[PDB]
Amino acid sequence: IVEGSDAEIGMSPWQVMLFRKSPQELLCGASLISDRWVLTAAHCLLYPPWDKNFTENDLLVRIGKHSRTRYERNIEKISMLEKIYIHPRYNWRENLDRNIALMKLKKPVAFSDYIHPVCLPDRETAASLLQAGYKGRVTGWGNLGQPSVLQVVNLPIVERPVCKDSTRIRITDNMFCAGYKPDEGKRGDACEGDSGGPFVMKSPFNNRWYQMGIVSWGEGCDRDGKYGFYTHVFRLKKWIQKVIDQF
Amino acid sequence: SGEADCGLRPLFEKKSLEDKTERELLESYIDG
């Protein structure tokens, strides 16, 4: 996260951090959608160009964390993964279309004041909140150099035509872009390290937080005038349900 | 186990407390 502010304790209880087992290294963000299922981006797990093809046993996730450098005794929880599921139509060679993946925790995590699931959007919430100008939220650690505590940034969804002209890659309806114009009316943004993390919005109707998107591709914290893309969660909801209901 | 209690934060919505910037999001949602 760049140009963001310090998040408050328990402000993003669904935030999940994905780590490489050995050597230990933070790889991506992710989100808790139930006591045993975690949502993230497919490129966080599978990206051939960089020789990335992780298996369940190469990773682990930490949940309920606020500080990146200090251990939070009796607060944060660690979990191994039982299975990883990548969308079969995930396109890593072109536009990262359907850049989504699910990870099943080996053992269910206990919910607490610091660990709580985010909602998956329903049709009405998606139709209602997914509008240009409306702001969503992304959280992650600083790699602004790095951070102490979790960072937060609120970004406006961008007009589809503007998103299309910001990149030469072929965008699809399964993705949307968000961010402030390069001229600076504001300027926070998600970075490479926030890949896979959730883009959430709060429904004014029922006061609940919904994960509308998944942070897609990023390199460092610079997009050279471009906008970050997000996987459209509602559009891929049936796939998520298919995977969970069967496994 | 969220489907029912999902999206309601124990330290915020559950305690009738708002975080520092959620206002920014809610104010951005115009047309209805």
# chains A, B, ... in the order shown; residues from 1 in each chain; ligands from 1
$ closest_atom_pairs --of "chain B" --to "chain A" --cutoff "7 Å" --atoms "only C-alpha atoms" --output "Markdown table"
| residue | atom | partner | partner_atom | distance |
| --- | --- | --- | --- | --- |
| B:1 | CA | A:34 | CA | 5.0 |
| B:2 | CA | A:34 | CA | 5.3 |
| B:3 | CA | A:119 | CA | 6.7 |
| B:6 | CA | A:119 | CA | 5.0 |
| B:7 | CA | A:209 | CA | 4.3 |
| B:8 | CA | A:208 | CA | 5.4 |
| B:9 | CA | A:116 | CA | 6.9 |
| B:10 | CA | A:113 | CA | 5.0 |
| B:11 | CA | A:10 | CA | 6.0 |
| B:19 | CA | A:11 | CA | 7.0 |
| B:25 | CA | A:135 | CA | 5.1 |
| B:26 | CA | A:204 | CA | 6.6 |
| B:28 | CA | A:134 | CA | 5.0 |
| B:29 | CA | A:134 | CA | 5.2 |
$ closest_residue --among "A:170, A:175, A:161, A:62" --to "residue 75 (chain A)" --atoms "only C-alpha atoms"
A:62
$ select_by_dssp --residues "chain B" --states "alpha helix (DSSP H)" --output "NGL selection string"
:B and (22-28)
$ atom_distance --atom1 "CA of residue 227 (chain A)" --atom2 "CA of residue 215 (chain A)"
11.3 Å
